[PDB]
Amino acid sequence: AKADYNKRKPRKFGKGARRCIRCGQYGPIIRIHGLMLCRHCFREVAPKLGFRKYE
Amino acid sequence: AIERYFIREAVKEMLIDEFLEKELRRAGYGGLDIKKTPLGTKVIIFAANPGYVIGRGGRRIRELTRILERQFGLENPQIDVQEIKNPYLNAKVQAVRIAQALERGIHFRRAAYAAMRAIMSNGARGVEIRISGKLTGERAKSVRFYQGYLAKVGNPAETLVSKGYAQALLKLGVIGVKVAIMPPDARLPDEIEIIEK
Amino acid sequence: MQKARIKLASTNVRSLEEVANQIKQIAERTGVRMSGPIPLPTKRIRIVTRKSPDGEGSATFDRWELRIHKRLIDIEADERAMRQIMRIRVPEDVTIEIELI
Amino acid sequence: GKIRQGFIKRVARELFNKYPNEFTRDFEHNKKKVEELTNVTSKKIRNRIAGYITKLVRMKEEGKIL
RNA sequence: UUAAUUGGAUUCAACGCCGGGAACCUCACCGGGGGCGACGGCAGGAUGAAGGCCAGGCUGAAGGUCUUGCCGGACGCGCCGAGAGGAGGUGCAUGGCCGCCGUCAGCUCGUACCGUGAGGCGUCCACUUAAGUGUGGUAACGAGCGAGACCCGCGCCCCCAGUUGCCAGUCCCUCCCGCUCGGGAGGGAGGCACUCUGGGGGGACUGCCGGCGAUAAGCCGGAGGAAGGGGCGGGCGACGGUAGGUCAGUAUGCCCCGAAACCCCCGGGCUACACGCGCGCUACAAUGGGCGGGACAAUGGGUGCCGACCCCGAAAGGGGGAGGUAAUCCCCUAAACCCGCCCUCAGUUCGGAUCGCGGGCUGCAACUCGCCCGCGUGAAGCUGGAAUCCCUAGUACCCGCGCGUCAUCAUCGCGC
Ligand SMILES: [Mg+2]
Ligand SMILES: [Mg+2]
Ligand SMILES: [Mg+2]
Ligand SMILES: [Mg+2]
Ligand SMILES: [Mg+2]
Ligand SMILES: [Mg+2]
Ligand SMILES: [Mg+2]
Ligand SMILES: [Zn+2]
């Protein structure tokens, strides 16, 4: 089968189990209260997600 | 709990908006809003060209609904387009207008003065543009144009002014455009008057 | 009787007081007692992050924050009012939940 | 360095030379008289305006005006 | 040093930094194996192309190939151009973002005047301020952005609220002690008194006295006050520069790879060790070590998850399992501190590195290389050369706790 040599594996833990919902990278991903984004994308989309910086 | 509800239904809008930006790149997609009622939702898109967004008599919105319901949430959608609230006081439309004008072939100085004259005509207090790329050379540069009062730091220059950013791909490279417009009702704290007798 | 219990919760503070006073007035106009809006503790979600993409330069951080205001109302059940609080038409950034005891 | 600001003088001098009799020397009297003659919505701004006008009137009435 | 020990950063402003606590993946690195050309044309194709399997060899393992013969029903990398895809090159081709000069006090404009001109004046002088913040004089008179104002917390008072929060004064019942006159503990009925939670107002202005300075800007001292002279702590970083860092977060032009430098899978490495260095943790003991008792917190988190309560085990842990989508149930009776007994200035009852054997948890997999428990063995270390760092008040020092990363593992980061 030529569909058995370009197909991945279903991980369920470890850095390779989750990827950013908008960029697509593994690594530093935010998992607080559910949203799943980079540390880089959350910083330039937050003020539209509702957040604000008070201090 | 309840926070997991609030910040799960705030992300869907982010994704929908960030996709429709690309898709309706032209016709100047202005922004949207979701009204969630029983038995289904209802989407609104303030385009700048109802013709192009609708399609050829309704042969595009079908694809928009199927795509917006199969890849996204929004189990029962109903789209309809509208016309912009104030296209000359919304920075994130002027940014794309100037970016388009640039990548069509105009020189970068005619575009900026056209835009600033139009904006300060339709009744703004102050505007500021800033272009920076590989224009006229092989070492990059940066230029600035402005007209009047415009606050830059503090709290008032975070909620009153309107700012937007865009790109403009070309044959050499990219060019960034960044606008910032002040609505005609500024009312900074310093503007104290005397209600007289 | 059976003392319905309604729980509003929203992120904009102003747009909550107006539905609160709607409920208060509706109750008042008809004949029914009520326990005024009892403020419950705010739940503020906080997210600390770095600031620079690369790793060079000093280390400076951000503090994003999101606050969620809650309330609580106790009221009796009269269909003249139990219905009157159905055409109330909450805004889109508010949550409402009704349940009796 | 409690330097009086720039835009506080430029209005206190305008309403101390417009209603020169509605302003006594009391602090808490002027402090009420200021909120309703203007459209100020702050709270620490009316206090400094009141203080400056009180200084002004007690410095003028007693003679030389600087 | 190695088959590979992948790269970027080198004074401030590189070295617990790339959220970098890497068993597989993450992964870019060494050994091996297999898949991938939308689209236009070429050899060929219903006498049947592309394309798929029970069993057996090769193989680390595999219809991946070959042996074996079954099937499927139209296309065709065996040929040419193109095209996906690229953690491949270039931050000295760019965008966006961020560090530093610097939360420093600067940077300009309109008109007029002075110079043939680059330019100047305003923006200079005198005193004052945290400040190009002010008050006076002046070929200057007015303005814009930065500073201040603005936003969020803390400390004091008042009004409106009373459940899932609190229980003082009344009212019943039960139970204990000097046997009860007195005192104490639980319930349940009722109430928002006090605390608390959080919406709205009040309060401080050099305002009031004395002295400097001109009599102006302003600066010292004293009251009354919960608070005093930006009230205390934070958020917000101007025009520009730094050919500073990032193409290895996303976006992106040019040049190379294009049956490979693209896409998957198994095993290794980033954890190697004569050595120089940065930041930390534990000690060198009495301003202490051990054993038994006694005291008092806050922030935060939980449905792929938090586990009260009961029972097995010496300990790690194991078998059951209420209540919780949250001011309700759970994490959660903190440690330094105090009283009583042993040690008595010793490489020790100080110090616990290094090693042997046995029991467990997470995991698809614990040798390379995870974490936890019990018994045993017991290294350097007796206060530190020239040098150098951080701190002005609920601050420095000393002691513990919670989130993040996370299937397990905190000498770290950010808060209490
Ligand atoms: Mg690996
Ligand atoms: Mg400078
Ligand atoms: Mg550079
Ligand atoms: Mg360089
Ligand atoms: Mg390493
Ligand atoms: Mg010992
Ligand atoms: Mg091991
Ligand atoms: Zn991302």
# chains A, B, ... in the order shown; residues from 1 in each chain; ligands from 1
$ residues_around --residues "residue 91 of chain B" --least-positions-apart "6" --cutoff "6 Å" --atoms "only C-alpha atoms (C1' of nucleotides)" --output "MDAnalysis selection string"
chainID B and resid 162:164 179:180
$ write_last_selection --atoms "C-alpha atoms" --output "PDB file, in the first residue's frame"
ATOM      1  CA  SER B 162      -8.030  53.862  15.240  1.00  0.00           C
ATOM      2  CA  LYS B 163      -5.024  52.011  13.848  1.00  0.00           C
ATOM      3  CA  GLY B 164      -4.449  49.353  11.218  1.00  0.00           C
ATOM      4  CA  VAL B 179      -2.321  54.207   9.541  1.00  0.00           C
ATOM      5  CA  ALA B 180      -3.833  55.918  12.578  1.00  0.00           C
TER       6      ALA B 180
END
$ residues_around --residues "residue 3 of chain D" --least-positions-apart "3" --cutoff "12 Å" --atoms "only C-alpha atoms (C1' of nucleotides)" --output "PyMOL selection string"
(chain D and resi 6-9+48+52) or (chain E and resi 128-131+133-135+148+206+217-219+229-230)
$ residues_near_ligand --ligand "ligand 1" --cutoff "9 Å" --atoms "only C-alpha atoms (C1' of nucleotides) and all ligand atoms" --output "list in words"
residues 22, 23, 24, 25, 26, 27, 269 and 270 of chain E
$ residues_near_ligand --ligand "ligand 2" --cutoff "10 Å" --atoms "only C-alpha atoms (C1' of nucleotides) and all ligand atoms" --output "VMD selection string"
chain E and resid 101 to 102 104 to 107 240 to 241
$ write_last_selection --atoms "N, CA, C and O atoms (P, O5', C5', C4', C3', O3' and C1' of nucleotides)" --output "PDB file, in the first residue's frame"
ATOM      1  P     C E 101      20.195  51.809  28.681  1.00  0.00           P
ATOM      2  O5'   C E 101      21.083  52.661  27.681  1.00  0.00           O
ATOM      3  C5'   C E 101      21.553  53.943  28.038  1.00  0.00           C
ATOM      4  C4'   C E 101      21.849  54.785  26.827  1.00  0.00           C
ATOM      5  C3'   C E 101      21.117  56.108  26.761  1.00  0.00           C
ATOM      6  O3'   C E 101      21.721  57.095  27.567  1.00  0.00           O
ATOM      7  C1'   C E 101      21.091  55.050  24.645  1.00  0.00           C
ATOM      8  P     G E 102      20.906  57.814  28.742  1.00  0.00           P
ATOM      9  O5'   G E 102      19.602  56.928  28.946  1.00  0.00           O
ATOM     10  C5'   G E 102      18.997  56.822  30.230  1.00  0.00           C
ATOM     11  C4'   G E 102      17.539  56.466  30.135  1.00  0.00           C
ATOM     12  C3'   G E 102      17.227  54.998  29.910  1.00  0.00           C
ATOM     13  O3'   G E 102      15.924  54.764  30.444  1.00  0.00           O
ATOM     14  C1'   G E 102      16.387  56.218  28.118  1.00  0.00           C
ATOM     15  P     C E 104      13.475  59.184  33.960  1.00  0.00           P
ATOM     16  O5'   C E 104      14.449  60.067  33.073  1.00  0.00           O
ATOM     17  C5'   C E 104      15.854  59.961  33.214  1.00  0.00           C
ATOM     18  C4'   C E 104      16.568  60.456  31.987  1.00  0.00           C
ATOM     19  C3'   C E 104      16.175  61.836  31.496  1.00  0.00           C
ATOM     20  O3'   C E 104      16.896  62.855  32.169  1.00  0.00           O
ATOM     21  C1'   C E 104      16.305  60.304  29.682  1.00  0.00           C
ATOM     22  P     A E 105      16.191  64.203  32.669  1.00  0.00           P
ATOM     23  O5'   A E 105      15.853  64.982  31.330  1.00  0.00           O
ATOM     24  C5'   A E 105      16.846  65.741  30.652  1.00  0.00           C
ATOM     25  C4'   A E 105      16.392  66.113  29.266  1.00  0.00           C
ATOM     26  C3'   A E 105      15.528  67.370  29.182  1.00  0.00           C
ATOM     27  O3'   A E 105      15.683  68.003  27.911  1.00  0.00           O
ATOM     28  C1'   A E 105      14.293  65.524  28.445  1.00  0.00           C
ATOM     29  P     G E 106      16.997  68.837  27.540  1.00  0.00           P
ATOM     30  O5'   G E 106      17.593  68.041  26.311  1.00  0.00           O
ATOM     31  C5'   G E 106      17.069  68.217  25.010  1.00  0.00           C
ATOM     32  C4'   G E 106      16.524  66.933  24.444  1.00  0.00           C
ATOM     33  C3'   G E 106      16.088  67.001  22.997  1.00  0.00           C
ATOM     34  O3'   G E 106      17.172  66.819  22.100  1.00  0.00           O
ATOM     35  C1'   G E 106      14.373  66.020  24.280  1.00  0.00           C
ATOM     36  P     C E 107      17.300  67.709  20.774  1.00  0.00           P
ATOM     37  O5'   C E 107      16.035  67.299  19.908  1.00  0.00           O
ATOM     38  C5'   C E 107      16.042  66.125  19.113  1.00  0.00           C
ATOM     39  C4'   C E 107      14.772  65.988  18.317  1.00  0.00           C
ATOM     40  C3'   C E 107      14.484  67.108  17.333  1.00  0.00           C
ATOM     41  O3'   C E 107      15.170  66.955  16.111  1.00  0.00           O
ATOM     42  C1'   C E 107      12.532  66.597  18.564  1.00  0.00           C
ATOM     43  P     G E 240      10.951  59.704  12.154  1.00  0.00           P
ATOM     44  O5'   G E 240      12.519  59.859  12.300  1.00  0.00           O
ATOM     45  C5'   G E 240      13.361  58.722  12.383  1.00  0.00           C
ATOM     46  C4'   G E 240      14.683  59.093  12.986  1.00  0.00           C
ATOM     47  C3'   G E 240      15.747  58.023  13.017  1.00  0.00           C
ATOM     48  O3'   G E 240      16.414  57.876  11.779  1.00  0.00           O
ATOM     49  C1'   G E 240      15.625  59.046  15.116  1.00  0.00           C
ATOM     50  P     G E 241      17.063  56.469  11.366  1.00  0.00           P
ATOM     51  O5'   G E 241      18.196  56.220  12.445  1.00  0.00           O
ATOM     52  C5'   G E 241      19.460  56.844  12.324  1.00  0.00           C
ATOM     53  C4'   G E 241      20.315  56.569  13.530  1.00  0.00           C
ATOM     54  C3'   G E 241      20.895  55.178  13.631  1.00  0.00           C
ATOM     55  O3'   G E 241      22.060  55.022  12.842  1.00  0.00           O
ATOM     56  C1'   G E 241      20.005  55.840  15.717  1.00  0.00           C
TER      57        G E 241
END
$ residues_around --residues "residue 176 of chain E" --least-positions-apart "6" --cutoff "12 Å" --atoms "only C-alpha atoms (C1' of nucleotides)" --output "ChimeraX atom specification"
/E:183-186
$ select_by_dssp --residues "chain A" --states "strand (DSSP E or B)" --output "PyMOL selection string"
chain A and resi 29+38+52-53
$ residues_near_ligand --ligand "ligand 7" --cutoff "12 Å" --atoms "only C-alpha atoms (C1' of nucleotides) and all ligand atoms" --output "VMD selection string"
chain E and resid 23 271 365 to 371
$ write_last_selection --atoms "N, CA, C and O atoms (P, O5', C5', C4', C3', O3' and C1' of nucleotides)" --output "PDB file, in the first residue's frame"
ATOM      1  P     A E  23      12.667  13.587  27.381  1.00  0.00           P
ATOM      2  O5'   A E  23      13.454  12.605  26.412  1.00  0.00           O
ATOM      3  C5'   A E  23      14.567  11.862  26.884  1.00  0.00           C
ATOM      4  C4'   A E  23      14.656  10.476  26.290  1.00  0.00           C
ATOM      5  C3'   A E  23      13.848  10.211  25.036  1.00  0.00           C
ATOM      6  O3'   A E  23      14.575  10.573  23.880  1.00  0.00           O
ATOM      7  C1'   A E  23      13.569   8.436  26.595  1.00  0.00           C
ATOM      8  P     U E 271      23.895  18.203  25.812  1.00  0.00           P
ATOM      9  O5'   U E 271      23.403  16.865  26.501  1.00  0.00           O
ATOM     10  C5'   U E 271      24.256  15.735  26.600  1.00  0.00           C
ATOM     11  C4'   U E 271      24.260  15.121  27.975  1.00  0.00           C
ATOM     12  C3'   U E 271      25.154  13.897  28.132  1.00  0.00           C
ATOM     13  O3'   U E 271      25.860  13.956  29.360  1.00  0.00           O
ATOM     14  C1'   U E 271      22.960  13.376  28.815  1.00  0.00           C
ATOM     15  P     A E 365       4.740  -0.365  27.697  1.00  0.00           P
ATOM     16  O5'   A E 365       6.147  -0.117  27.005  1.00  0.00           O
ATOM     17  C5'   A E 365       7.024  -1.197  26.721  1.00  0.00           C
ATOM     18  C4'   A E 365       8.386  -0.703  26.299  1.00  0.00           C
ATOM     19  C3'   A E 365       9.224  -0.111  27.416  1.00  0.00           C
ATOM     20  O3'   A E 365      10.015  -1.100  28.045  1.00  0.00           O
ATOM     21  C1'   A E 365       9.124   1.401  25.590  1.00  0.00           C
ATOM     22  P     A E 366      10.313  -1.024  29.611  1.00  0.00           P
ATOM     23  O5'   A E 366      11.617  -0.143  29.702  1.00  0.00           O
ATOM     24  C5'   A E 366      12.492  -0.301  30.795  1.00  0.00           C
ATOM     25  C4'   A E 366      13.463   0.834  30.899  1.00  0.00           C
ATOM     26  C3'   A E 366      14.141   0.952  32.255  1.00  0.00           C
ATOM     27  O3'   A E 366      15.458   1.442  32.065  1.00  0.00           O
ATOM     28  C1'   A E 366      13.058   2.953  31.760  1.00  0.00           C
ATOM     29  P     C E 367      16.614   1.092  33.108  1.00  0.00           P
ATOM     30  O5'   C E 367      17.679   0.294  32.238  1.00  0.00           O
ATOM     31  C5'   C E 367      18.814  -0.305  32.837  1.00  0.00           C
ATOM     32  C4'   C E 367      20.004  -0.280  31.915  1.00  0.00           C
ATOM     33  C3'   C E 367      20.380   1.078  31.360  1.00  0.00           C
ATOM     34  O3'   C E 367      21.169   1.823  32.266  1.00  0.00           O
ATOM     35  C1'   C E 367      20.369  -0.520  29.625  1.00  0.00           C
ATOM     36  P     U E 368      21.074   3.416  32.301  1.00  0.00           P
ATOM     37  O5'   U E 368      21.644   3.860  30.895  1.00  0.00           O
ATOM     38  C5'   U E 368      23.035   3.840  30.661  1.00  0.00           C
ATOM     39  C4'   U E 368      23.367   4.093  29.218  1.00  0.00           C
ATOM     40  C3'   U E 368      23.055   5.474  28.704  1.00  0.00           C
ATOM     41  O3'   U E 368      24.080   6.384  29.024  1.00  0.00           O
ATOM     42  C1'   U E 368      22.334   3.842  27.154  1.00  0.00           C
ATOM     43  P     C E 369      23.740   7.871  29.491  1.00  0.00           P
ATOM     44  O5'   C E 369      22.442   7.710  30.377  1.00  0.00           O
ATOM     45  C5'   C E 369      22.178   8.610  31.440  1.00  0.00           C
ATOM     46  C4'   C E 369      20.703   8.788  31.649  1.00  0.00           C
ATOM     47  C3'   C E 369      19.980   7.591  32.238  1.00  0.00           C
ATOM     48  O3'   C E 369      18.856   8.079  32.960  1.00  0.00           O
ATOM     49  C1'   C E 369      19.092   8.057  30.140  1.00  0.00           C
ATOM     50  P     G E 370      18.135   7.201  34.083  1.00  0.00           P
ATOM     51  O5'   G E 370      16.876   8.086  34.486  1.00  0.00           O
ATOM     52  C5'   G E 370      16.550   9.267  33.768  1.00  0.00           C
ATOM     53  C4'   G E 370      15.147   9.745  34.058  1.00  0.00           C
ATOM     54  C3'   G E 370      14.761   9.880  35.512  1.00  0.00           C
ATOM     55  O3'   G E 370      15.302  11.028  36.139  1.00  0.00           O
ATOM     56  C1'   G E 370      13.014   8.836  34.344  1.00  0.00           C
ATOM     57  P     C E 371      15.903  10.920  37.623  1.00  0.00           P
ATOM     58  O5'   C E 371      14.622  10.811  38.542  1.00  0.00           O
ATOM     59  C5'   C E 371      13.789  11.933  38.750  1.00  0.00           C
ATOM     60  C4'   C E 371      12.496  11.528  39.391  1.00  0.00           C
ATOM     61  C3'   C E 371      12.599  10.952  40.782  1.00  0.00           C
ATOM     62  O3'   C E 371      12.776  11.923  41.796  1.00  0.00           O
ATOM     63  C1'   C E 371      11.194   9.595  39.494  1.00  0.00           C
TER      64        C E 371
END
$ interface_residues --of "chain B" --to "chain C" --cutoff "12 Å" --atoms "only C-alpha atoms" --output "PyMOL selection string"
chain B and resi 1-7+9-10+33-38+41
$ select_by_dssp --residues "chain A" --states "helix (DSSP H, G or I)" --output "PyMOL selection string"
chain A and resi 15-17+32-34+46-49
$ residues_near_ligand --ligand "ligand 4" --cutoff "12 Å" --atoms "only C-alpha atoms (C1' of nucleotides) and all ligand atoms" --output "PDB file with N, CA, C and O atoms (P, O5', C5', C4', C3', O3' and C1' of nucleotides), in the first residue's frame"
ATOM      1  P     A E   9      25.345  34.273  15.998  1.00  0.00           P
ATOM      2  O5'   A E   9      24.937  34.663  17.483  1.00  0.00           O
ATOM      3  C5'   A E   9      24.202  35.843  17.749  1.00  0.00           C
ATOM      4  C4'   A E   9      23.987  36.046  19.225  1.00  0.00           C
ATOM      5  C3'   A E   9      25.222  36.340  20.049  1.00  0.00           C
ATOM      6  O3'   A E   9      25.628  37.691  19.974  1.00  0.00           O
ATOM      7  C1'   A E   9      23.934  34.697  21.126  1.00  0.00           C
ATOM      8  P     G E  91      23.710  37.290   6.590  1.00  0.00           P
ATOM      9  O5'   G E  91      22.171  37.575   6.816  1.00  0.00           O
ATOM     10  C5'   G E  91      21.685  37.830   8.122  1.00  0.00           C
ATOM     11  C4'   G E  91      20.946  39.134   8.199  1.00  0.00           C
ATOM     12  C3'   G E  91      21.213  39.924   9.470  1.00  0.00           C
ATOM     13  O3'   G E  91      21.003  41.304   9.190  1.00  0.00           O
ATOM     14  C1'   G E  91      18.950  39.401   9.360  1.00  0.00           C
ATOM     15  P     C E  92      22.083  42.420   9.568  1.00  0.00           P
ATOM     16  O5'   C E  92      22.601  42.921   8.161  1.00  0.00           O
ATOM     17  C5'   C E  92      21.694  43.432   7.199  1.00  0.00           C
ATOM     18  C4'   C E  92      22.167  43.194   5.785  1.00  0.00           C
ATOM     19  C3'   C E  92      22.609  41.772   5.466  1.00  0.00           C
ATOM     20  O3'   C E  92      22.335  41.515   4.091  1.00  0.00           O
ATOM     21  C1'   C E  92      24.380  43.229   5.052  1.00  0.00           C
ATOM     22  P     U E 242      22.425  53.603  12.192  1.00  0.00           P
ATOM     23  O5'   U E 242      22.766  52.687  13.437  1.00  0.00           O
ATOM     24  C5'   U E 242      23.930  52.904  14.214  1.00  0.00           C
ATOM     25  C4'   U E 242      23.869  52.116  15.493  1.00  0.00           C
ATOM     26  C3'   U E 242      23.957  50.609  15.348  1.00  0.00           C
ATOM     27  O3'   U E 242      25.300  50.146  15.334  1.00  0.00           O
ATOM     28  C1'   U E 242      22.173  51.202  16.807  1.00  0.00           C
ATOM     29  P     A E 243      26.175  50.103  13.987  1.00  0.00           P
ATOM     30  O5'   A E 243      25.109  49.885  12.845  1.00  0.00           O
ATOM     31  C5'   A E 243      25.472  49.326  11.593  1.00  0.00           C
ATOM     32  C4'   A E 243      24.319  48.541  11.043  1.00  0.00           C
ATOM     33  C3'   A E 243      24.441  47.029  11.171  1.00  0.00           C
ATOM     34  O3'   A E 243      23.155  46.500  11.458  1.00  0.00           O
ATOM     35  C1'   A E 243      24.050  47.604   8.931  1.00  0.00           C
ATOM     36  P     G E 244      22.978  45.257  12.445  1.00  0.00           P
ATOM     37  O5'   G E 244      23.328  45.841  13.873  1.00  0.00           O
ATOM     38  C5'   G E 244      24.438  45.350  14.593  1.00  0.00           C
ATOM     39  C4'   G E 244      24.071  45.009  16.011  1.00  0.00           C
ATOM     40  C3'   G E 244      23.222  43.764  16.197  1.00  0.00           C
ATOM     41  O3'   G E 244      23.992  42.573  16.216  1.00  0.00           O
ATOM     42  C1'   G E 244      22.330  45.547  17.466  1.00  0.00           C
ATOM     43  P     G E 245      23.581  41.321  15.311  1.00  0.00           P
ATOM     44  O5'   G E 245      22.266  40.775  16.000  1.00  0.00           O
ATOM     45  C5'   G E 245      22.340  40.074  17.230  1.00  0.00           C
ATOM     46  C4'   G E 245      21.026  39.432  17.599  1.00  0.00           C
ATOM     47  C3'   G E 245      20.289  38.729  16.481  1.00  0.00           C
ATOM     48  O3'   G E 245      20.801  37.442  16.210  1.00  0.00           O
ATOM     49  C1'   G E 245      18.777  40.036  17.725  1.00  0.00           C
ATOM     50  P     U E 246      20.498  36.754  14.804  1.00  0.00           P
ATOM     51  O5'   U E 246      18.928  36.525  14.813  1.00  0.00           O
ATOM     52  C5'   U E 246      18.355  35.395  15.448  1.00  0.00           C
ATOM     53  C4'   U E 246      16.849  35.428  15.373  1.00  0.00           C
ATOM     54  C3'   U E 246      16.245  35.237  13.999  1.00  0.00           C
ATOM     55  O3'   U E 246      16.154  33.877  13.641  1.00  0.00           O
ATOM     56  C1'   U E 246      15.211  37.058  15.067  1.00  0.00           C
TER      57        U E 246
END
$ interface_residues --of "chain A" --to "chain B" --cutoff "8 Å" --atoms "only C-alpha atoms" --output "list in words"
residues 22, 33, 34, 35, 48, 49 and 50 of chain A
$ residues_around --residues "segment 24-39 of chain D" --least-positions-apart "4" --cutoff "8 Å" --atoms "only C-alpha atoms (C1' of nucleotides)" --output "PDB file with N, CA, C and O atoms (P, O5', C5', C4', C3', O3' and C1' of nucleotides), in the first residue's frame"
ATOM      1  N   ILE B 192     -11.199  71.427  28.785  1.00  0.00           N
ATOM      2  CA  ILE B 192     -12.166  71.830  29.793  1.00  0.00           C
ATOM      3  C   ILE B 192     -12.716  73.189  29.402  1.00  0.00           C
ATOM      4  O   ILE B 192     -11.954  74.113  29.101  1.00  0.00           O
ATOM      5  N   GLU B 193     -14.033  73.313  29.405  1.00  0.00           N
ATOM      6  CA  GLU B 193     -14.705  74.537  29.013  1.00  0.00           C
ATOM      7  C   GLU B 193     -15.526  75.063  30.179  1.00  0.00           C
ATOM      8  O   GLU B 193     -15.580  74.466  31.254  1.00  0.00           O
ATOM      9  N   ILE B 194     -16.181  76.194  29.950  1.00  0.00           N
ATOM     10  CA  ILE B 194     -16.993  76.853  30.958  1.00  0.00           C
ATOM     11  C   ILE B 194     -18.411  76.940  30.424  1.00  0.00           C
ATOM     12  O   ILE B 194     -18.698  77.748  29.533  1.00  0.00           O
ATOM     13  N   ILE B 195     -19.297  76.102  30.957  1.00  0.00           N
ATOM     14  CA  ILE B 195     -20.729  76.256  30.741  1.00  0.00           C
ATOM     15  C   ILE B 195     -21.137  77.573  31.383  1.00  0.00           C
ATOM     16  O   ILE B 195     -21.076  77.722  32.608  1.00  0.00           O
ATOM     17  N   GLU B 196     -21.546  78.535  30.561  1.00  0.00           N
ATOM     18  CA  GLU B 196     -21.692  79.912  31.000  1.00  0.00           C
ATOM     19  C   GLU B 196     -23.147  80.238  31.314  1.00  0.00           C
ATOM     20  O   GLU B 196     -24.051  79.412  31.176  1.00  0.00           O
TER      21      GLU B 196
ATOM     22  N   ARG D  46     -10.876  69.747  39.845  1.00  0.00           N
ATOM     23  CA  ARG D  46     -11.614  70.819  40.495  1.00  0.00           C
ATOM     24  C   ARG D  46     -10.953  71.236  41.799  1.00  0.00           C
ATOM     25  O   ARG D  46     -11.052  72.400  42.192  1.00  0.00           O
ATOM     26  N   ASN D  47     -10.247  70.326  42.467  1.00  0.00           N
ATOM     27  CA  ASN D  47      -9.600  70.696  43.719  1.00  0.00           C
ATOM     28  C   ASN D  47      -8.469  71.683  43.486  1.00  0.00           C
ATOM     29  O   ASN D  47      -8.335  72.667  44.220  1.00  0.00           O
ATOM     30  N   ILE D  49      -8.114  73.668  40.799  1.00  0.00           N
ATOM     31  CA  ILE D  49      -8.717  74.907  40.318  1.00  0.00           C
ATOM     32  C   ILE D  49      -9.230  75.732  41.491  1.00  0.00           C
ATOM     33  O   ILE D  49      -9.004  76.945  41.569  1.00  0.00           O
ATOM     34  N   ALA D  50      -9.934  75.085  42.417  1.00  0.00           N
ATOM     35  CA  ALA D  50     -10.431  75.783  43.594  1.00  0.00           C
ATOM     36  C   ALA D  50      -9.292  76.393  44.392  1.00  0.00           C
ATOM     37  O   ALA D  50      -9.363  77.556  44.803  1.00  0.00           O
ATOM     38  N   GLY D  51      -8.238  75.616  44.635  1.00  0.00           N
ATOM     39  CA  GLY D  51      -7.100  76.147  45.366  1.00  0.00           C
ATOM     40  C   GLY D  51      -6.481  77.352  44.688  1.00  0.00           C
ATOM     41  O   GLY D  51      -6.145  78.344  45.343  1.00  0.00           O
ATOM     42  N   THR D  54      -8.733  80.435  45.041  1.00  0.00           N
ATOM     43  CA  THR D  54      -8.699  80.977  46.390  1.00  0.00           C
ATOM     44  C   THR D  54      -7.429  81.778  46.625  1.00  0.00           C
ATOM     45  O   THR D  54      -7.470  82.890  47.172  1.00  0.00           O
ATOM     46  N   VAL D  57      -7.855  85.184  44.780  1.00  0.00           N
ATOM     47  CA  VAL D  57      -8.726  86.216  45.329  1.00  0.00           C
ATOM     48  C   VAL D  57      -8.129  86.787  46.604  1.00  0.00           C
ATOM     49  O   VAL D  57      -8.172  88.002  46.831  1.00  0.00           O
ATOM     50  N   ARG D  58      -7.522  85.943  47.441  1.00  0.00           N
ATOM     51  CA  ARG D  58      -6.966  86.491  48.668  1.00  0.00           C
ATOM     52  C   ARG D  58      -5.678  87.249  48.418  1.00  0.00           C
ATOM     53  O   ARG D  58      -5.278  88.053  49.260  1.00  0.00           O
TER      54      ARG D  58
ATOM     55  P     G E 207      -2.731  76.605  47.930  1.00  0.00           P
ATOM     56  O5'   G E 207      -3.747  76.818  49.131  1.00  0.00           O
ATOM     57  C5'   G E 207      -5.147  76.741  48.925  1.00  0.00           C
ATOM     58  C4'   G E 207      -5.886  76.371  50.189  1.00  0.00           C
ATOM     59  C3'   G E 207      -5.418  77.028  51.468  1.00  0.00           C
ATOM     60  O3'   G E 207      -5.872  78.360  51.586  1.00  0.00           O
ATOM     61  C1'   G E 207      -5.894  74.740  51.854  1.00  0.00           C
TER      62        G E 207
END
